[PDB]
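The chain contents come next:
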Amino acid sequence: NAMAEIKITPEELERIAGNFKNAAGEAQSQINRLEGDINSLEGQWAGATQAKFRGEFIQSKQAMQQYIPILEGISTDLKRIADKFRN
Amino acid sequence: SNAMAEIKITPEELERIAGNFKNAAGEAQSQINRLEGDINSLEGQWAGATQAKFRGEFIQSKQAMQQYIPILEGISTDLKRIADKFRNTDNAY
């Protein structure tokens, strides 16, 4: 009985949409904290070293800036269908 | 502290920052894994274009994390390598 398929409802869709929205927020928080770490290294070692790490970090940030809107889009799509069920 | 004035960070400080990047890479992988579980849990209840819509959007999110995670891992690994190099002139003389 424990393994029964949980049937889709608007409540389930909104719950999972929430998971995606929350994941987007956590991801943003993470990149903010890591940026702080890279900022903290400025002036603490050779400029060539800082340039390499800043460059890598900006590449990671660009990947994150693609990722977050995709998660938000999934959340929106789930909510759109949830509203259909309710209406 | 380093013999060289230009180096204002200790090996242990670099290792700490490297730990933040490693933790972040782990957390990102755990996140995409749990979201994958969610998509997988719904997939069999969708059909046609709707099923494909969610599957494809999720694949796109997974691809973005496949860019992101190795960059963070690389930063962590490289910070630790530099820590090892700086150690030779840290509190040495």
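Residues numbered from 1 in each chain as written, not as in the entry; some residues may be left out. Chains lettered and ligands numbered in written order. Heavy atoms only, no water.

Deposited coordinates in this entry are attributed by the record to X-ray crystallography, at a stated resolution of 1.44 Å.

Taking the PDB entry as the reference, chain B is identified by name as SECRETED PROTEIN ESXB belonging to Bacillus anthracis.

Going by this rule: UniProt positions are given in the numbering used here, feature names are shortened, and annotations may be inferred rather than shown by experiment.
Named according to the PDB entry, chain A is SECRETED PROTEIN ESXB originating from Bacillus anthracis. Annotation of chain A in UniProt includes, under Sequence similarities (unreviewed entry), the sentence "Belongs to the WXG100 family."

### Description of the interface of chain B and chain A
Condition: Working rule for contacts: check all heavy atoms of both residues, and any pair within 4.5 Å makes them a contact. Accessible surface is computed with a 1.4 Å probe, and the buried area is the amount of it that two parts give up when combined, taken over both parts together. Whenever a carboxyl oxygen of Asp or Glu lies within 4 Å of a side-chain nitrogen of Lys or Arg, that contact is scored as a salt bridge.
Counting residues at the interface gives 39 residues for chain B, matched by 38 residues for chain A. Interface of chain B and chain A: buried area, both sides summed, is about 3200 Å²; carbon and sulfur atoms make up 71% of it. The largest share of the area that chain B buries against chain A comes from B:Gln31, B:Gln45 and B:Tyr68, three residues that together contribute 18% of it. The partner of A:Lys52 in a salt bridge is B:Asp78, with the nearest N and O atoms 2.9 Å apart.

### As for the pattern of salt bridges
The cut-off we apply is this: Where helices and strands are cited, they refer to DSSP runs of H or I of at least four residues and of E of at least two residues respectively, numbered from the N terminus. Type-normalised accessible area, obtained with a 1.4 Å probe on protein chains alone, sets the label of each residue: buried when under 20%, exposed when over 50%, and partly exposed for intermediate values.
For the structure on display, the rule yields 17 salt bridges over all chains. Across the salt bridge formed by A:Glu14 and A:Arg86, the nearest N and O atoms sit 2.9 Å from each other. Of this pair, A:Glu14 sits in helix α1 (residues 10-41) while A:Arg86 is found in helix α2 (residues 47-86), placing the two residues 72 residues apart along the sequence. Relative accessible area serves as the criterion here: at 27%, A:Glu14 is assigned to the partly exposed category. On the basis of relative accessible area, A:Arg86 is assigned to the partly exposed category, the value being 46%. Here B:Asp78 and B:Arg81 are joined by a salt bridge, their closest N and O atoms 3.5 Å apart. Placement of both B:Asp78 and B:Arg81 in helix α2 (residues 48-87) is noted, with a separation of three residues, approximately one turn of the helix.

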